[PDB]
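So the structure is just underneath, and the comments pick up after that.
Backbone-built Cβ (ideal geometry, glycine too); neighbour counts: all protein chains shown. Where a number appears in this text, it was derived from the coordinates with a stated rule and is not lab data.
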Amino acid sequence: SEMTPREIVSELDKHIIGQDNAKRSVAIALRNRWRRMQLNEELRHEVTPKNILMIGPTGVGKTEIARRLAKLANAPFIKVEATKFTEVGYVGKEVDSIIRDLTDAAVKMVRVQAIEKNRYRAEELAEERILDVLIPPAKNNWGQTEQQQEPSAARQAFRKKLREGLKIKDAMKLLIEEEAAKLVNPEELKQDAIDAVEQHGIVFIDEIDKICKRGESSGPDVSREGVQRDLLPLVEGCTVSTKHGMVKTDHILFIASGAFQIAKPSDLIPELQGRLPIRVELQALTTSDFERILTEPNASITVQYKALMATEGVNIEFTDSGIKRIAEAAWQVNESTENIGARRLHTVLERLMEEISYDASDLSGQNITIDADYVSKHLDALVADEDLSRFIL
Amino acid sequence: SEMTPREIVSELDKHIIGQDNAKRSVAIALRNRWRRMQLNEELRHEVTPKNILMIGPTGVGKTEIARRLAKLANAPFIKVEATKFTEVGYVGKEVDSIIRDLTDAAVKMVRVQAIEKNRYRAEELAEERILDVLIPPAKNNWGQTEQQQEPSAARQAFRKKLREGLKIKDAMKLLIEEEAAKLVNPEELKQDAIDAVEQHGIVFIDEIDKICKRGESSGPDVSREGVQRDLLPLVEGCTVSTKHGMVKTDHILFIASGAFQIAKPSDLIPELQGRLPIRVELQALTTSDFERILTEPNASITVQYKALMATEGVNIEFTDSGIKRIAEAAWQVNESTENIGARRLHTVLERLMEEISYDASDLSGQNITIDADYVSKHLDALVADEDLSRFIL
Amino acid sequence: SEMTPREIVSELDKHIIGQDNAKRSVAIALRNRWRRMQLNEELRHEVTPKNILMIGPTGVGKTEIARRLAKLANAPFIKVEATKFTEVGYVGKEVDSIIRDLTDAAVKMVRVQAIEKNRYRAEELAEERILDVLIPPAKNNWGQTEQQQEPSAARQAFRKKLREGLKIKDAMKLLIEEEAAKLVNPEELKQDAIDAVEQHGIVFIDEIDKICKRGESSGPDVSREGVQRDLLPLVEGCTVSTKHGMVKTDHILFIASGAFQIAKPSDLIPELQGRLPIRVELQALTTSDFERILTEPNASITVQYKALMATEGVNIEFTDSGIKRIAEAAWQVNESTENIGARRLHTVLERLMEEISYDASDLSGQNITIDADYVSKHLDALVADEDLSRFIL
């Protein structure tokens, strides 16, 4: 009982501005995994993941989308740079590491995921180990069967007196790291992860375009295309040797991403083109786009900053003109120097807030207001001095 | 309950001359970490470190500030050379090593920090063990419950006669490295450093500018930019596999440092610029700066030398003019030859004292006074002769 | 309570001829390690090893000095060729192997050092195991408490009768390799070595100059300088993964050595220059220098030869003119062919002594005298025939 595409897109909208097509795309991928489980044994083998290739400029949403998608599916996720492997012509590394690295992270998850879904029970039983070294009326019976039976009486007021109140606390934590372990099953835990990898794995391959042709030279194209060749089995369906078991890449979902300014998806090796059935483009972000990014996402950077500052007992407020001013800056720098997409926001927002971020603890209890005035005072000069821009922003 | 920016800048002033803006900048970063903890669960996630990029010439304080900042916060700190990774196009090393190396040092920390926060107590309990062998004195019960209760009497006198006075001493040490261990919990100790790395970790990346661009050549720029690329995850927030566990870089603070004479911060890749929100310049030092550096820092090299000579029972005194003449020397060599910033004070100062440093053990009891004359007597020649300078200073 | 520099130089004088500066240099390094231990916790961290760079021609003392220094400090020592790593651009090896290789040797030491400091006690207790299978009046008591008590009587004359006299001897050795082991503590033994490496480690890096620039070509300079980059952490302070633990290079002493005929220490990477604060030159050796080397060192080659021959009951004597003649030869060959420094002595001395070395056992009881006559007869021809020189000398 998974979410529908529109449902998936929605959730994605909660974190990413624009890039609707990419969302619908990455959304159909997810839905199809549900769709597949709903078929007969025969078909379940024939239907493979509809791998996607995102086409677009830097920092405009590609990775975030893939990352949020995985999160939403609670699927193990892993990002990987394609060119990493062209290096293998010296030493580099082998592609199988992708599924291996994926599994390791797929484990770190199943672990933290299961251990956390336990740290509460272990603490309660923990006190039942401490509330046992303070009143031990164990065994069967002791007094009455009804009224006198319940031994809680003094014990109850005893545990409460301890909870809110060697060393109990020092003792419990020790019991916590003794009961929790004494409750985990590392056998199925090892296979738990594998099943994940195999049924919900999401591999993100960045720089796919950097692995393409170009009348460049024999040597380089040979190194590049090789990474493509080495990728085939992963994407066509094979078995990988995992430090924790054997994994079948057969249903892992692959989301490749490329600029394709220099090279075209048609330069990709034929076998690969076949296994990247979905093509989607992402647009460059607009200043307007920026303004929304700064605030709309539900854990937007601006929201984070406000929160971080609250920590210090300082109330921050972003004026609309302030936000607009921040956005323009990022755009201005990106156009005057090098366009790095939304990333520019973080640098700008961060330089802008330095003075406060430092003085924060001292303005404890104040009401600071970052309005268009403030912004301009702090960023205009820098934004203008190009050379200074390439260093500070 | 952290210190305010002004307070942080102040502590910093106790060690670094000038470079105020860089202080304020690094100061706000610290304060913000406090500010973050002061927020709601939601915001605590969205608010990321306000990483800094220092722009300035050699030896004028960049690293020192980073190092003193980390000390002040008691934060694990690590310094790394960006170019190190460009070598990966041959073999090099991987950037994840930064977080791993960080953790190792963050462990060496928590350890030595702990072994110390215990060595005292472990020494007392050690006594009760030895004191126990000489006499189990007292016990449960044994004599009177008041006047005849306390066993100390003999034991006490025995104790003193021991502290001031197999092999008791030999044995105790073995007991010290037996009781201290039996008091340390290696599990919480391992997770100790990890929390640190994740909550306070500070990574200083020198030479970030040697990883930019210039139409120099295709091959070199690719490798260069490769290190930036490989740096994104660490800076954008990721998970690294450590010999002692897994770490979330997500809150490690990053201070990138670059001269940027050839290349500009705008040449940096977009996703990194956006993760270096704070940009700050550090100024070249002046002879005045040198004089102050020579004596003001509360553990200045001049104060340091004084102490070492005292160790030999020799009282060294620097004259104001002597100090000025020394600073001048260092400046002149930096300009006449190759400018290496304040580092030159160390070489010059050290050459100035060779003779005394050697004869010190014999001058025991004397009052040596380094004055303008002495300085000129020992340095001028060297300074004057450039070639000699390049080898000797 | 370590030796003073003059004390260190002296000891060094017992093995190395000339090269006074290099001695004083390597001597200040050692003394400073003592000096450092004598400071407050704060400073003990800030004060790092004053690494040295020896500049000079082949076989003129560089390594011997470093080797003898380490010996005198009882410090673990290791020699390493810089160019070894430029090979990494094919496969080569990684720099970390240096600290690893260092530790392994640091272990082999702590071992042999501790096992030997035991082979005497184990042999004595060993006989107490044999002198127990010949007279077993064990347990508590047996006869009298005073006079009759001492059971040694027959036992004493029994062990002596065996010491000077299955199979006792065959049995003891078996007991030796049973008691010794049953006395070693491999836990602290593993950490024992690490502490050594960390506090007294001495790394010798030869061919530093071969790792420098030269308008040579991009490729090669990239491979070279990379080895320099890869060296930084070792020398700047980092953590290395040891087959026997974790080591901090932080206080290892580094002594780099270079000819610098082709390249200058200023071509070295900036970071490195900084960490090689001490520069020192060594001179080429003179014929006079040679003559002293042949005899003065207290375990001089000449002394070794005399000893080796004594073994065979032959008394050898070196006339002064003989020594002079030997020295000139070595010099003559080195100038006429290729100058390999003092090494030439060994080849010459060895060719010169062949006939005797062979007939030795037959001249048992004779008084051979290697005088200028002998030398000339044996070496003059060879020395003259250049081509024959490049093969035989």
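Below are the figures for this structure:
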item	result
Contact order relative to length of region A:285-392, as percent, for alpha carbon pairs under 8 angstrom and 6 or more apart	35
Closest approach to the axis - chain A beta-carbon, rotation onto B, Å	A:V91, 6
Net charge over other residues, Cβ less than 13 angstrom from the Cβ of A:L72 (K, R count +1; D, E count -1)	+2
Per-residue Cβ neighbour rank within 10 angstrom, fewest leading, A:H45, C:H378	A:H45, C:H378
Inter-copy separations for A:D221, label at 7 Å along Cα-Cβ, nm, ascending	2.2, 3.2
Rounded to whole Hz, the Karplus (6.51, -1.76, 1.60) HN-Hα couplings of region C:321-331, x for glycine and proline	4, x, 4, 3, 4, 4, 4, 4, 3, 3, 5
Over chain B: helical MRE at 222 nm, DSSP H runs n ≥ 4 each giving -39500 (n - 2.57), nearest 500	-17000 deg cm²/dmol
Exercise: per-residue mean of other protein chain Cβ atoms within 10 Å, A:56-69	1
Whole-number D in µm² s⁻¹ for region A:115-256, Kirkwood Cα-pair radius fed into Stokes-Einstein, 10 °C, 1.306 mPa s	76
Radius of gyration and Dmax over the Cα atoms of the protein assembly as shown, both given in Å	36.6, 119
Average projection area in nm² (convex hull over Cα atoms of region B:23-105, one quarter of hull surface)	7.3
For A:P49, net neighbour charge (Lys/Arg +1, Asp/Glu -1) across residues whose Cβ lies under 14 Å away	+4
Greater than 18 Å apart at Cα, pairs in A:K84/A:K213; A:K213/A:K264; C:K213/C:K264; A:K50/A:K248; C:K23/C:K84; B:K190/C:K108	C:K23/C:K84; B:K190/C:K108
Alpha-carbon radius of gyration plus Dmax, which is the widest Cα pair, for region A:11-53 in Å	13.0, 40
Orientation-averaged projected area, Cα convex hull of chain B (nm²)	28.8
Cα gyration tensor shape for region C:194-293, rounded if a/c is under 1.5, else prolate or oblate	oblate
Whole-Hz couplings from phi, Karplus 6.51/-1.76/1.60, listed for region C:222-228; x for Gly and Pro	5, 6, 4, 3, x, 4, 5
Point-to-point label distance, A:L189-A:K377, nm (Cα→Cβ direction, 7 Å offset)	5.5
Cβ neighbours within 10 Å from other chains - mean over B:197-206	0
Dipole-positive endmost among A:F260, A:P277, C:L125 within the protein assembly as shown (Cβ charges, Cα centre)	C:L125
9 Å beta-carbon shell around B:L276, net charge (K/R +1, D/E -1)	+2
Relative exposure of C:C212, A:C238, judged by other C-beta atoms within 10 Å (fewest first)	A:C238, C:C212
Partner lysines for B:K161 [C-alpha distance under 25 Å; skip if fewer than 8 residues away on the same chain]	B:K139, B:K169, B:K173
Of A:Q304, A:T369, A:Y358, farthest towards positive along the dipole that unit charges on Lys, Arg, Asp, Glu beta carbons give region A:285-392	A:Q304
Quarter of the Cα convex hull surface for region A:285-392, i.e. its orientation-mean projected area (nm²)	6.2
Neighbour-count ranking [beta-carbon atoms within 10 angstrom, fewest first] of C:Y90, B:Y358, B:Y305, A:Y358	C:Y90, B:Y358, B:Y305, A:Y358
Cα-centred dipole magnitude for region C:109-193, charges only on beta-carbon of K, R (+1) and D, E (-1), debye, nearest 20	300
Sorted largest first, extent of region C:111-196 alpha carbons per principal axis (Å)	52, 30, 17
HN-Hα J in Hz across region C:247-257 - Karplus 6.51, -1.76, 1.60, θ = phi - 60°, x for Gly and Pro	10, 9, 5, 2, 10, 5, 8, 10, 10, 7, 9
